[PDB]
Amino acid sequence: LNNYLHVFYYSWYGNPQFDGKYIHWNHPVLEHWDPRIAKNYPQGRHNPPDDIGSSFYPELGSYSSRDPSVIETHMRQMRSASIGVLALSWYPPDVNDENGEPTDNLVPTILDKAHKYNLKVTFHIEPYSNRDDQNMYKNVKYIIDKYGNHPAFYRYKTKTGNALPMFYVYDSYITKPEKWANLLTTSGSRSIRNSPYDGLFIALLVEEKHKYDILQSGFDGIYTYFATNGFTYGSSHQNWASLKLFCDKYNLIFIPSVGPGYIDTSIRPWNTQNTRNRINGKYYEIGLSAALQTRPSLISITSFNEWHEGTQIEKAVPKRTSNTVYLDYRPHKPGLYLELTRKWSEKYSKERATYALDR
């Protein structure tokens, strides 16, 4: 199991039988800012199980994230990909993404099932409304108190024998560096540094200039998230050498995010510019190759199951309806991306075993 390979995991899917209603599979078509443009594209909620908010179709169907057999299947697939860690998309209790329901209540179950398969769970902190240094303090404290003692709780284990929680902070750049500094510099007014609630906070870098904001904020690392090559400075693998150099100079953990492709036009039908064909696995292999070449401390995978954005490595199957041919992994198997991940994970694990100064 590669504990240096993390995958972004989503637990926001629901269906009538486990949740009382569809959740996320019935995603609305997101309106283009200009309504003159939006009126020429599809509108309304998708109607599962045959019409879902994805360009692909899952082997598990329009599944529920709180179905314990669904959680087991996922853990199996990640383990067989030899991914050691899932970075769980997280909103505070009673809070949710704008298209979903609360998910914190499911964390205990996900941890238990992760333990069953010797996987670890870290936290991908989403941009909840009014998120700032003060409530981040409370949420970090909450996460660590509530889940820190579970044996599947992820800690980056340094060779010195210390073990640090990790937090990926999505759209971290929305909050000012001076506000982050309160929480993440040693002498910040509400510093968690050197406290029992200390950890490794990874910031999202979009634009090159965010490098400098990230330093000022006191983050421990950077990740790039987006699966589309060319969409941002960070998501363009041609810039990963430079980010790596920068991170080395400033003692930051560089965590490139690699995806198998991208397509979100079932919910953002205006966003065809960012669509990337999977090329039967070659897009993913180029991404993985590009990441390995930088010799990174960790690699993140976008994503296990972000089905809306077509970045999932979860098993997908052919499906055709009266008006739709879903994308799929033909001519390969539903497990193609799991198998390609296992291949490159083993490469990474071997090569990473020769990075160390002590050899």
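Superpose the two forms; the largest set of C-alphas matching within 1.5 Å is the rigid core. The first residue of the sequence shown is number 1, and the count goes up from there.
Visitor: Superpose by the rigid core: which stretch, 282-290 or 90-98, shows more Cα shift in 6 other deposited structures of this protein?
Guide: Looking at 282-290 versus 90-98 in 6 other deposited structures of this protein, the farther one turns out to be 90-98.
Visitor: Could you tell me which of the two stretches, 21-29 or 6-14, has its Cα atoms lying farther from the shown structure in 6 other deposited structures of this protein after fitting on the rigid core?
Guide: Looking at 21-29 versus 6-14 in 6 other deposited structures of this protein, the farther one turns out to be 21-29.
Visitor: I'd like to know whether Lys39, which is modelled here, goes unmodelled in a third or more of the other compared entries that cover its flanking residues.
Guide: In at least a third of the comparable entries (those modelling both sides of it), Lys39 has no coordinates.
Visitor: Do the CA atoms of 345-353 or those of 17-25 have the higher mean B-factor in the entry?
Guide: On average, C-alpha B-factors are higher across 345-353.
Visitor: Going by the mean C-alpha B-factor recorded in the entry, which is higher: 129-137 or 273-281?
Guide: Higher mean C-alpha B-factor: 129-137.
Visitor: So among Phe254, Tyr142, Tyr262, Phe167, who wins on Cα B-factor in the entry?
Guide: Going by the entry's C-alpha B-factors, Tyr142 comes out highest.
Visitor: According to the deposited entry, which of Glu306, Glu314, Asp328, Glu31 has the largest Cα B-factor?
Guide: That would be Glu31, according to the entry.
Visitor: Lowest, middle or highest third of the chain for the C-alpha temperature factor of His124?
Guide: Bottom third by C-alpha B-factor.
Visitor: Splitting the chain's C-alpha B-factors into thirds, which one does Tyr173 fall into?
Guide: Highest third of the chain for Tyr173's C-alpha B-factor.
Visitor: Going by the entry, which third of its chain does the Cα temperature factor of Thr294 land in?
Guide: As the PDB entry reports it, the C-alpha B-factor of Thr294 lands in the highest third of its chain.
Visitor: Sort the modelled residues of this chain by their C-alpha B factor and say whether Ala38 lands in the lowest, middle or highest third.
Guide: Its C-alpha B-factor, which the entry lists for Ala38, ranks in the highest third among residues of this chain.
Visitor: Looking at the entry's B-factor column for C-alpha atoms only, identify whether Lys211 ranks in the lowest, middle or highest third of its chain.
Guide: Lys211: CA B-factor falls in the middle third of its chain.
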